[PDB]
Structure formats: structure tokens, C-alpha cells
Amino acid sequence: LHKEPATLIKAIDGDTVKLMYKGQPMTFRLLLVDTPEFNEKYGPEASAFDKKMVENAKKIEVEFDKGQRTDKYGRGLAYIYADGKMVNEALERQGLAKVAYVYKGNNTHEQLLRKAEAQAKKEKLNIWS
Ligand SMILES: Cc1cn([C@H]2C[C@H](OP(=O)(O)O)[C@@H](COP(=O)(O)O)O2)c(=O)[nH]c1=O
Ligand SMILES: [Ca+2]
């Protein structure tokens, strides 16, 4: 997999973010994770966490997996990095998302994320508290 540049347009919620990619505005949906909706428990904390990560970053990158790059809603599907740190993994490690939506062919970082979730679970963080 390869990292490609993008710039933040705006935070949306725990697992979606508006980025300019190849000069076009797009909503990105983070691969392999599920954050609570804003209206659900830990939703606001997940939204805030993703926001801080992407707003504080000097450099946002997107990394598509090997499979589909857009979902049925036109959202880009990617791993998103903030100064080289993966947002998807960071949410997992903090107990602010669950590994989910693991579809064959777009699951390169599955075990990395499951490992983070396990440590969050062990630590009883947030969703696992
Ligand atoms: C993460 C992800 C979600 N989706 C779709 C499946 C779900 O369809 P349904 O809307 O029919 O449930 C939806 C979940 O996204 P959200 O969690 O953002 O709602 O997005 C993909 O198709 N591929 C993906 O990789
Ligand atoms: Ca969600």
C-alpha cells in the first residue's frame, strides 16, 4: 500500500472526515473501524478524538487498500494518517472504535487494528469500560 497526500477540509465524526484528495473534496470513511454515531455513547468522544488528530496534523495522508476505493455512498475508503500516525489504529487503541466492516480484499491492516483493540480491551478503555 502507498500513502498519498491530502488536506483537511473538515472534521465530520469519529470515522468520517472531509479531505481534499487530488484537488477534489471528498468524504472519507475510515477502513476497518466503526465509531459510535455522535448521538450514541462515546460518539462525541470519538468525533472529538478524530477531529483533534486531523486538525493538529501538519500532514494528512490517505492510503487506499487493494480493493474498492469508494463505497456505495461515494465515500472514499482509506486508512488515514496524521503526521504518520494512523487515525484508524489510534481510535482502536483508545477504545473509541470497534473493528468492523472487514471485507475480503480491503483488510490489509486488520490484524494491526485488532491488536490495538485487544490492548484497549485489556485496559478497559472507553467502549470497553
Ligand atoms: C467501512 C465501510 C462501510 N461500508 C458501508 C457498509 C454500511 O452500509 P449500510 O449503510 O447499508 O449499513 C455502511 C456503514 O457505514 P457507517 O458506519 O458510516 O454508517 O457503509 C462499506 O460498504 N465498505 C466499508 O469499507
Ligand atoms: Ca459509524
# chains A, B, ... in the order shown; residues from 1 in each chain; ligands from 1

$ residues_around --residues "residue 64 in chain A" --least-positions-apart "4" --cutoff "8 Å" --atoms "only C-alpha atoms" --output "mmCIF file with C-alpha atoms, in the first residue's frame"
data_model
loop_
_atom_site.group_PDB
_atom_site.id
_atom_site.type_symbol
_atom_site.label_atom_id
_atom_site.label_comp_id
_atom_site.auth_asym_id
_atom_site.auth_seq_id
_atom_site.Cartn_x
_atom_site.Cartn_y
_atom_site.Cartn_z
ATOM 1 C CA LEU A 1 0.000 0.000 0.000
ATOM 2 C CA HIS A 2 1.058 3.605 -0.593
ATOM 3 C CA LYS A 3 0.445 6.948 1.170
ATOM 4 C CA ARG A 69 -11.765 2.803 -3.042
ATOM 5 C CA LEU A 77 -12.451 4.168 1.868
ATOM 6 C CA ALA A 78 -8.958 4.548 3.258
ATOM 7 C CA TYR A 79 -6.539 4.383 6.102
#

$ closest_atom_pairs --of "chain A" --to "ligand 2" --cutoff "9 Å" --atoms "only C-alpha atoms and all ligand atoms" --output "CSV"
residue,atom,partner,partner_atom_place_in_ligand_line,distance
A:13,CA,ligand 2,1 (Ca),8.2
A:14,CA,ligand 2,1 (Ca),7.1
A:15,CA,ligand 2,1 (Ca),6.1
A:16,CA,ligand 2,1 (Ca),8.0
A:29,CA,ligand 2,1 (Ca),8.8
A:33,CA,ligand 2,1 (Ca),7.9
A:34,CA,ligand 2,1 (Ca),4.7
A:35,CA,ligand 2,1 (Ca),4.5
A:36,CA,ligand 2,1 (Ca),5.2
A:37,CA,ligand 2,1 (Ca),5.3
A:38,CA,ligand 2,1 (Ca),8.6
A:43,CA,ligand 2,1 (Ca),8.6
A:97,CA,ligand 2,1 (Ca),8.6

$ write_last_selection --atoms "N, CA, C and O atoms" --output "CSV table (one decimal), in the first residue's frame"
chain,number,residue,atom,x,y,z
A,13,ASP,N,-17.1,13.2,11.8
A,13,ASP,CA,-17.3,12.5,13.1
A,13,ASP,C,-16.2,11.5,13.4
A,13,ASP,O,-15.0,11.7,12.9
A,14,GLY,N,-16.4,10.4,14.2
A,14,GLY,CA,-15.4,9.6,14.6
A,14,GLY,C,-14.7,8.9,13.5
A,14,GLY,O,-13.5,8.7,13.5
A,15,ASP,N,-15.4,8.5,12.5
A,15,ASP,CA,-14.9,7.7,11.4
A,15,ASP,C,-15.0,8.2,10.0
A,15,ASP,O,-14.9,7.5,9.0
A,16,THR,N,-15.5,9.5,9.9
A,16,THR,CA,-15.6,10.1,8.6
A,16,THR,C,-15.0,11.5,8.7
A,16,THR,O,-15.0,12.1,9.8
A,29,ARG,N,-14.4,7.6,4.6
A,29,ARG,CA,-14.8,6.7,5.6
A,29,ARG,C,-13.7,5.8,6.0
A,29,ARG,O,-13.0,5.2,5.1
A,33,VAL,N,-13.0,0.1,10.8
A,33,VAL,CA,-13.5,0.5,12.1
A,33,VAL,C,-14.9,1.1,12.1
A,33,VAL,O,-15.4,1.5,11.0
A,34,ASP,N,-15.5,1.1,13.3
A,34,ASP,CA,-16.8,1.6,13.5
A,34,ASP,C,-16.7,2.4,14.7
A,34,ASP,O,-16.7,1.8,15.8
A,35,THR,N,-16.9,3.7,14.6
A,35,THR,CA,-17.1,4.6,15.8
A,35,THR,C,-18.6,4.8,16.1
A,35,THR,O,-19.5,4.6,15.2
A,36,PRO,N,-18.9,4.9,17.3
A,36,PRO,CA,-20.4,5.3,17.6
A,36,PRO,C,-20.8,6.5,16.9
A,36,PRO,O,-19.9,7.4,16.6
A,37,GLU,N,-22.1,6.6,16.5
A,37,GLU,CA,-22.6,7.8,16.0
A,37,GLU,C,-22.6,8.9,17.1
A,37,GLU,O,-22.5,8.6,18.3
A,38,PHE,N,-22.5,10.1,16.7
A,38,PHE,CA,-22.5,11.2,17.6
A,38,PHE,C,-23.5,11.2,18.7
A,38,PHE,O,-23.2,11.5,19.9
A,43,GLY,N,-19.8,8.5,21.1
A,43,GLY,CA,-19.8,9.2,19.8
A,43,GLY,C,-19.2,10.5,19.9
A,43,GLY,O,-18.3,10.8,19.1
A,97,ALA,N,-13.3,3.0,18.9
A,97,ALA,CA,-14.0,2.3,17.8
A,97,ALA,C,-13.9,0.8,18.0
A,97,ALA,O,-13.0,0.3,18.7

$ residues_near_ligand --ligand "ligand 1" --cutoff "6 Å" --atoms "only C-alpha atoms and all ligand atoms" --output "NGL selection string"
:A and (31-32 or 34 or 71-72 or 77 or 101)

$ write_last_selection --atoms "N, CA, C and O atoms" --output "PDB file, in the first residue's frame"
ATOM      1  N   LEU A  31     -11.411   2.907   6.892  1.00  0.00           N
ATOM      2  CA  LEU A  31     -11.471   1.447   6.751  1.00  0.00           C
ATOM      3  C   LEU A  31     -11.406   0.712   8.092  1.00  0.00           C
ATOM      4  O   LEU A  31     -10.642   1.103   9.021  1.00  0.00           O
ATOM      5  N   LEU A  32     -12.140  -0.388   8.169  1.00  0.00           N
ATOM      6  CA  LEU A  32     -11.997  -1.442   9.188  1.00  0.00           C
ATOM      7  C   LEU A  32     -12.411  -1.048  10.594  1.00  0.00           C
ATOM      8  O   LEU A  32     -12.190  -1.841  11.538  1.00  0.00           O
ATOM      9  N   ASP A  34     -15.457   1.099  13.281  1.00  0.00           N
ATOM     10  CA  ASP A  34     -16.785   1.650  13.470  1.00  0.00           C
ATOM     11  C   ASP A  34     -16.739   2.422  14.744  1.00  0.00           C
ATOM     12  O   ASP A  34     -16.667   1.832  15.824  1.00  0.00           O
ATOM     13  N   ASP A  71     -17.191   3.688  -1.405  1.00  0.00           N
ATOM     14  CA  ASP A  71     -18.293   2.831  -1.045  1.00  0.00           C
ATOM     15  C   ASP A  71     -19.557   3.227  -1.826  1.00  0.00           C
ATOM     16  O   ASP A  71     -19.532   4.119  -2.693  1.00  0.00           O
ATOM     17  N   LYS A  72     -20.667   2.570  -1.514  1.00  0.00           N
ATOM     18  CA  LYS A  72     -21.903   2.770  -2.249  1.00  0.00           C
ATOM     19  C   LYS A  72     -22.477   4.180  -2.057  1.00  0.00           C
ATOM     20  O   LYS A  72     -23.443   4.561  -2.778  1.00  0.00           O
ATOM     21  N   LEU A  77     -12.718   5.149   0.797  1.00  0.00           N
ATOM     22  CA  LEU A  77     -12.451   4.168   1.868  1.00  0.00           C
ATOM     23  C   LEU A  77     -10.926   4.099   1.959  1.00  0.00           C
ATOM     24  O   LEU A  77     -10.275   3.576   1.058  1.00  0.00           O
ATOM     25  N   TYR A 101     -16.645  -4.150   9.551  1.00  0.00           N
ATOM     26  CA  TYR A 101     -16.693  -3.939   8.119  1.00  0.00           C
ATOM     27  C   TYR A 101     -15.416  -4.443   7.462  1.00  0.00           C
ATOM     28  O   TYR A 101     -14.845  -3.802   6.596  1.00  0.00           O
TER      29      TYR A 101
END

$ select_by_dssp --residues "chain A" --states "helix (DSSP H, G or I)" --output "tab-separated table (two decimals) with N, CA and C atoms, in the first residue's frame"
chain	number	residue	atom	x	y	z
A	43	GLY	N	-19.81	8.47	21.13
A	43	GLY	CA	-19.85	9.18	19.84
A	43	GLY	C	-19.18	10.53	19.88
A	44	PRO	N	-19.57	11.38	20.85
A	44	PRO	CA	-18.91	12.68	20.90
A	44	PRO	C	-17.38	12.57	21.17
A	45	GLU	N	-16.97	11.60	22.00
A	45	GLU	CA	-15.55	11.45	22.31
A	45	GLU	C	-14.78	10.91	21.11
A	46	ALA	N	-15.41	10.02	20.36
A	46	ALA	CA	-14.79	9.54	19.09
A	46	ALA	C	-14.66	10.68	18.06
A	47	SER	N	-15.70	11.52	17.93
A	47	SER	CA	-15.67	12.64	16.98
A	47	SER	C	-14.57	13.63	17.37
A	48	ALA	N	-14.49	13.92	18.66
A	48	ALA	CA	-13.51	14.85	19.15
A	48	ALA	C	-12.09	14.34	18.96
A	49	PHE	N	-11.91	13.04	19.22
A	49	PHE	CA	-10.60	12.43	19.07
A	49	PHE	C	-10.09	12.47	17.61
A	50	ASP	N	-10.93	12.06	16.67
A	50	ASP	CA	-10.61	12.11	15.24
A	50	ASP	C	-10.34	13.58	14.86
A	51	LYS	N	-11.24	14.48	15.27
A	51	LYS	CA	-11.06	15.93	14.97
A	51	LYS	C	-9.70	16.43	15.39
A	52	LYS	N	-9.33	16.18	16.65
A	52	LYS	CA	-8.07	16.71	17.16
A	52	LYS	C	-6.89	16.16	16.40
A	53	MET	N	-6.93	14.87	16.14
A	53	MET	CA	-5.90	14.25	15.40
A	53	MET	C	-5.72	14.87	14.02
A	54	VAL	N	-6.80	15.08	13.28
A	54	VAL	CA	-6.66	15.54	11.89
A	54	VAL	C	-6.41	17.05	11.84
A	55	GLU	N	-6.98	17.81	12.80
A	55	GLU	CA	-6.81	19.29	12.83
A	55	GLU	C	-5.41	19.71	13.30
A	56	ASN	N	-4.81	18.92	14.18
A	56	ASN	CA	-3.46	19.21	14.68
A	56	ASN	C	-2.36	18.74	13.71
A	87	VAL	N	-5.02	7.21	12.05
A	87	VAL	CA	-6.19	7.57	12.82
A	87	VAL	C	-7.00	6.31	13.14
A	88	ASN	N	-7.19	5.47	12.14
A	88	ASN	CA	-7.96	4.23	12.32
A	88	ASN	C	-7.40	3.42	13.51
A	89	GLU	N	-6.07	3.23	13.56
A	89	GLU	CA	-5.44	2.46	14.60
A	89	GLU	C	-5.54	3.18	15.97
A	90	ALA	N	-5.32	4.48	15.97
A	90	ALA	CA	-5.41	5.29	17.18
A	90	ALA	C	-6.78	5.24	17.81
A	91	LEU	N	-7.84	5.31	17.04
A	91	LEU	CA	-9.19	5.11	17.57
A	91	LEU	C	-9.30	3.75	18.20
A	92	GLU	N	-8.81	2.72	17.53
A	92	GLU	CA	-8.90	1.38	18.10
A	92	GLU	C	-8.17	1.36	19.43
A	93	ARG	N	-6.94	1.87	19.42
A	93	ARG	CA	-6.12	1.74	20.63
A	93	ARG	C	-6.72	2.44	21.84
A	110	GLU	N	-6.01	-5.31	9.09
A	110	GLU	CA	-6.91	-5.92	10.05
A	110	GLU	C	-6.21	-6.35	11.33
A	111	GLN	N	-5.11	-7.10	11.20
A	111	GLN	CA	-4.57	-7.62	12.42
A	111	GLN	C	-3.90	-6.53	13.28
A	112	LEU	N	-3.33	-5.52	12.63
A	112	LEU	CA	-2.77	-4.36	13.32
A	112	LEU	C	-3.85	-3.69	14.19
A	113	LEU	N	-5.03	-3.48	13.58
A	113	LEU	CA	-6.14	-2.86	14.29
A	113	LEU	C	-6.72	-3.73	15.39
A	114	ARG	N	-6.83	-5.03	15.14
A	114	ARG	CA	-7.29	-5.96	16.17
A	114	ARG	C	-6.35	-6.06	17.32
A	115	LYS	N	-5.05	-5.96	17.02
A	115	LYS	CA	-4.10	-5.94	18.10
A	115	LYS	C	-4.34	-4.69	18.97
A	116	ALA	N	-4.50	-3.52	18.37
A	116	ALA	CA	-4.80	-2.29	19.15
A	116	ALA	C	-6.10	-2.43	19.96
A	117	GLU	N	-7.14	-2.97	19.35
A	117	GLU	CA	-8.40	-3.14	20.05
A	117	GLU	C	-8.19	-4.07	21.23
A	118	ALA	N	-7.45	-5.16	21.06
A	118	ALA	CA	-7.19	-6.05	22.20
A	118	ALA	C	-6.54	-5.32	23.36
A	119	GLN	N	-5.58	-4.46	23.06
A	119	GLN	CA	-4.95	-3.73	24.16
A	119	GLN	C	-5.93	-2.74	24.82
A	120	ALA	N	-6.74	-2.07	24.02
A	120	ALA	CA	-7.80	-1.23	24.58
A	120	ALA	C	-8.73	-2.03	25.45
A	121	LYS	N	-9.09	-3.24	25.01
A	121	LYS	CA	-10.00	-4.11	25.76
A	121	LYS	C	-9.37	-4.50	27.11
A	122	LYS	N	-8.10	-4.90	27.04
A	122	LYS	CA	-7.35	-5.30	28.23
A	122	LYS	C	-7.33	-4.15	29.23
A	126	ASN	N	-12.80	3.24	27.58
A	126	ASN	CA	-13.90	3.85	26.87
A	126	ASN	C	-14.99	2.82	26.52
A	127	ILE	N	-15.12	2.45	25.25
A	127	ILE	CA	-16.12	1.46	24.84
A	127	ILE	C	-16.04	0.13	25.63
A	128	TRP	N	-14.83	-0.22	26.03
A	128	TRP	CA	-14.61	-1.48	26.75
A	128	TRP	C	-14.63	-1.31	28.27

$ closest_residue --among "A:123, A:28, A:39, A:18" --to "residue 63 in chain A" --atoms "only C-alpha atoms"
A:28

$ select_by_dssp --residues "chain A" --states "strand (DSSP E)" --output "ChimeraX atom specification"
/A:4-11,16-21,24-30,33-34,60-63,76-82,85-86,98-99

$ closest_residue --among "A:17, A:27, A:81, A:73" --to "residue 58 in chain A" --atoms "only C-alpha atoms"
A:81

$ closest_residue --among "A:30, A:96, A:8, A:19" --to "residue 80 in chain A" --atoms "only C-alpha atoms"
A:30

$ atom_distance --atom1 "CA of residue 75 in chain A" --atom2 "CA of residue 4 in chain A"
16.5 Å

$ atom_distance --atom1 "CA of residue 106 in chain A" --atom2 "CA of residue 25 in chain A"
22.4 Å

$ closest_residue --among "A:22, A:124, A:95, A:60" --to "residue 10 in chain A" --atoms "only C-alpha atoms"
A:60
